[PDB]
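2 protein chains.
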Amino acid sequence: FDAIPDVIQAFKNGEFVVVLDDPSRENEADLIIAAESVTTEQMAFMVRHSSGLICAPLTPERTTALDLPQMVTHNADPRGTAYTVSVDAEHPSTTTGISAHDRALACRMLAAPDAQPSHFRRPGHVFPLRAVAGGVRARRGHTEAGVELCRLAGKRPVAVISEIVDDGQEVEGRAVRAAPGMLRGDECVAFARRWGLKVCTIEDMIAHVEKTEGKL
Amino acid sequence: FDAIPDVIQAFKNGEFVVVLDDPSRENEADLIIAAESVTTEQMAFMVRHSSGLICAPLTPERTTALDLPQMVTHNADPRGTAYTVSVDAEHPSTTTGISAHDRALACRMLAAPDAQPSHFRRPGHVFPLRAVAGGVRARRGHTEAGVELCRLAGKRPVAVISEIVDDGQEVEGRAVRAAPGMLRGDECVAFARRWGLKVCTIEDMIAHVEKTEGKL
Ligand SMILES: [Mn+2]
Ligand SMILES: [Mn+2]
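Here the protein sequences line up with chains L and V, keeping their order. The numbers in UniProt numbering rise by one with no breaks, and the one at position 214 of the first sequence is 225. The numbers in UniProt numbering rise by one with no breaks, and the one at position 33 of the second sequence is 44.
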């Protein structure tokens, strides 16, 4: 695993970083990137290698500023992922909201300093997620990890995350993939190396933050 | 394009079919399959080749039976896609809700004859979509097309749909894909042929339905 300072620097440079949560939690790795300058081509890569459910972690302050209420008032999961209502970018270049171009645009607009509620059509195809106020020390999820990286790298308080799946194997001429799953542990590290990305754990990220804040 | 009767038969056989809406509308092709027996391996293929936003078109009767209210009360789009609150399957085999296994399971459970509201955790990772009562003749969307195919093929009234994207080209060692987009027209047909699938247009589907119902 890479050291957190090095992950921060890559994140500051607008790169995706690969982040694993605890094996006792989801045991999943997500691609996490700063939303402010995510490119169409980067989004296409993200869609290709992830679940395709492209989320945008942001702070409670941003959910209030942008008027993004929680999708559900009484969450099935109490520590559950805090989905807000979904969005598309209100921009002349948006078409259906699903393309790599459109999803990247929605993410950059969510992160813009002058963002306003009217900049987003609801519902849509990008899924903002409300990080808890206490950050990664309080909730050890990828949502918090993305917002934490934005803070640590001096970026706008909106990230983009999606889970790295195991697409299994192609089966020539057949609309199936054999032995699919989720990418785990070492495979996640191998994926990062293949793509020139830094890779880390939320546990190490928490250890990093604790150097300044102490244990929660 | 294949003739609608032949698309119906493939759909009845549990295959994906490729369906294009009008060029003046989204100009997009979706993979559409019956939800009732979608397999883990099929879902993995769907995720790999689509946007990854896996939706489940269903009737108004099913949204009431399963207690799936619209995600938003005052839709940004008036003829907009009718997203309900998202779901995961309440089943012992579900883990995080995002894997091909978990999403396929949620779809099969939405389609089960004995489905009940409590079978679904909200929010989640599968996106049910409420088809309009008037079917494809009333709203020429993929949501309606999926429900229409279920009716035509004698299946449970729940389909699975997702847009076929153009993932662009891989760039060795770099986390980007060049020239991504949406797959269109002839390319959609080529995609269907490559994968042994039937391919059609919503316009021809409407023409099929009109043979029995007349023009709306
Ligand atoms: Mn996660
Ligand atoms: Mn569509």
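Cβ coordinates follow ideal geometry from the N, Cα and C atoms, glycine included.
Go to residue i, then tell me how far its alpha helix (DSSP H) extends in each direction, as first and last residue.
i: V200 (chain V); result: 196–205
i: residue 5 (chain L); result: Chain L is shown only over 12 to 227; residue 5 (chain L) falls outside these bounds and no answer can be derived.
i: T154 (chain L); result: 153–163
i: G146 (chain V); result: 146–149
Looking only at DSSP bridge pairs, what is residue i linked to?
i: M193 (chain L); result: L:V176
i: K209 (chain L); result: L:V28
i: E181 (chain V); result: V:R188
i: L64 (chain V); result: Note: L64 (chain V) sits in no beta bridge, so no partner.
i: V58 (chain V); result: DSSP lists no partner for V58 (chain V).
i: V171 (chain V); result: V:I44
i: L116 (chain V); result: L116 (chain V) is not bridged to any residue.
Ends of the beta strand (DSSP E) at residue i?
i: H136 (chain V); result: 131–141
i: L42 (chain V); result: 40–45
Would you say the beta carbon of residue i comes nearer than 7 Å to a heavy atom of ligand 1?
i: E214 (chain L); result: no
i: residue 2 (chain L); result: Nothing can be reported for residue 2 (chain L), as the shown portion of chain L is limited to 12 through 227.
Please state whether DSSP places residue i in a helix, a strand or coil.
i: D13 (chain L); result: coil
i: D99 (chain V); result: strand
i: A122 (chain V); result: helix
i: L77 (chain V); result: coil
i: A111 (chain L); result: helix
i: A218 (chain V); result: helix
i: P34 (chain V); result: coil
i: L227 (chain L); result: coil
i: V49 (chain V); result: coil
i: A93 (chain V); result: coil
Check whether the Cβ of residue i lies closer than 7 Å to any heavy atom of ligand 4, and answer yes or no.
i: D41 (chain V); result: Ligand 4 is not among the ligands present in this structure, which contains only ligand 1 and ligand 2.
I'd like to confirm something about residue i: is its beta-carbon nearer than 7 Å to some heavy atom of ligand 2, or not?
i: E224 (chain V); result: no
i: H85 (chain L); result: no
i: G152 (chain V); result: yes
i: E37 (chain V); result: yes
i: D32 (chain V); result: yes
On the premise that residue j lies in contact with residue i, defined as a C-beta separation below 8 Å, what is that separation, rounded to the nearest angstrom?
i: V58 (chain L); j: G207 (chain V); result: In fact, because the Cβ distance is near 24 Å, the residues do not count as touching under 8 Å.
i: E47 (chain L); j: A122 (chain L); result: 4 Å
i: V147 (chain V); j: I43 (chain V); result: The pair is not a contact, with the Cβ atoms about 12 Å apart (cut-off 8 Å).
i: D88 (chain V); j: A100 (chain V); result: The pair is not a contact, with the Cβ atoms about 28 Å apart (cut-off 8 Å).
i: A21 (chain V); j: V28 (chain V); result: 6 Å
i: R73 (chain L); j: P168 (chain L); result: 6 Å
i: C211 (chain V); j: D13 (chain V); result: 5 Å
i: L69 (chain L); j: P128 (chain L); result: Contact doesn't hold; Cβ gap of about 13 Å is too wide.
i: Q81 (chain V); j: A93 (chain V); result: 6 Å
i: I172 (chain L); j: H153 (chain L); result: 5 Å
i: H130 (chain V); j: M120 (chain V); result: 5 Å
i: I217 (chain L); j: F138 (chain L); result: Contact flag wrong, Cβ pair sits at about 24 Å.
i: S97 (chain V); j: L116 (chain V); result: That pair is no contact at about 14 Å.
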